[PDB]
Structure formats: C-alpha cells, structure tokens
C-alpha cells in the first residue's frame, strides 16, 4: 500500500513540488512536471484544464480523494490547495500514484 500523506511529505521534503491550481495548469501546459495531483473538490473546470493540457504534454494526473483544505493542510499551508505539481519526487515513490 502507498500512504499518500507519507509520500507527499517525503516528496515535499526531498524533492520539489509546486503548489496551486494556476501553477499546476501552467506546468501542465509546459510538460515541466512528473505528476499532477488534484483535490477531489477542485473546481471541475480547473480539473478539466489540467487533464486536457497534461494529456497533451504527457503528464500523469492523480486525484487525491480528499478535499483541498486537507491537501493544503498536508502541505503545511493555512489555506486550501486544490492542485499541485510534482516536479521532482525526491526520494518518494509518489509517482506510483
């Protein structure tokens, strides 16, 4: 089993992740990420944008099954985070998602 929270923390600590819908979309447009993670309650059209561009640039996208409050909280942030890009998984096996 993969523990999402453990892997997100491991990737955040030892790799590089970029946070936010707008950056995630931009990374998707550019092919500059290995994985894109979106929250279950991300605005559907934000979710569509990401999927559309990530399919075009060949980036895998994963839906975290929790909300964007929890995603931001997992990341140590006092606000919601509805998506994020894994640019470098670091030591994690997060790209298995």
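Numbering follows the first chain given and starts at 1.
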item	value
Per the entry, higher mean C-alpha B factor between 43 to 51 and 29 to 37	43 to 51
Third of chain Cα B-factors occupied by residue 12	middle
Among modelled residues of the same chain, the CA temperature factor third for residue 72	lowest
CA B-factor ranking of residue 19, expressed as a third of its chain	middle
